[PDB]
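Taking the form deposited in one PDB entry, here's one chain by itself in structure tokens.
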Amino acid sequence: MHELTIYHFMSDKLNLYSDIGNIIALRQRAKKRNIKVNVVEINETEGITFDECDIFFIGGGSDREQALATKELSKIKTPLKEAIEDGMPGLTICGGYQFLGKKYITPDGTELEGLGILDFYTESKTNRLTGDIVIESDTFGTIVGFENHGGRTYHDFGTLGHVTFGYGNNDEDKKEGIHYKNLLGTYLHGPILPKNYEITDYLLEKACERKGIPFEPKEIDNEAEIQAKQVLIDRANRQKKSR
């Protein structure tokens, strides 16, 4: 009978690729381990600290929305960075992932400043990396979703895994997302992303380990999620190879 506190950043501003689905899923799977989740809605960051944070989330918005969210988050750049370097778990989606970096470059070459928490950048083209995506991850097992991004992200940090169907971060790497200490970032989004329950359980497991509370039962029924993932895996295995 225990509790975790979740920091939910800029939900009001980041509507294009909302992380709400993942927070709902986090709550569901935590409840199955007798853990109640306390969600803190943070849209203004002055005075924010991370001593009481167990997991954080940043979703994705339009370029305009993400810039605004980034400007507000920059007020707590140093505490957020220190939390991440300390091992704080978190999940970031699309723009929320991209703007952890130094910059985001539009197709016409306009440079938008990122938070600069990690040394990487993203450049966009008008033609997007689009389609079903299947990833084999040493940590997360099979990850499935849908990608649809003009952004090409270039970084040298950990990744969520090898892409066996689709593109991932960019046209060539066949790797998706970022995995930096316990911080996760991905171009995957929407209703399918939460079906990847191992991502959710990773965040919970790491937060429980850090806090010093049990995460039991570790194994629960995942039949529905496995079935949902398999629909996408089967479809990808039947399609043209993505070149």
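Residues carry their position along the shown sequence, with the first being 1. Under this definition, the rigid core comprises the largest set of C-alpha atoms superposing within 1.5 Å between the forms.
There is also a form deposited in another entry; it is not shown, and the following applies to it.
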Position that moves between this form and the one not shown after core superposition, taken from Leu204, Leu193, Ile178, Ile35, with Cα shift of 2 Å or more: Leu193
Closer or farther: how do the CA atoms of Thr92 and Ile192 lie in the other form, compared with the form shown, if the change is at least 3 Å? closer
Considering a change of 3 Å or more, are the Cα atoms of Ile192 and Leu232 closer or farther in the other form than here? farther
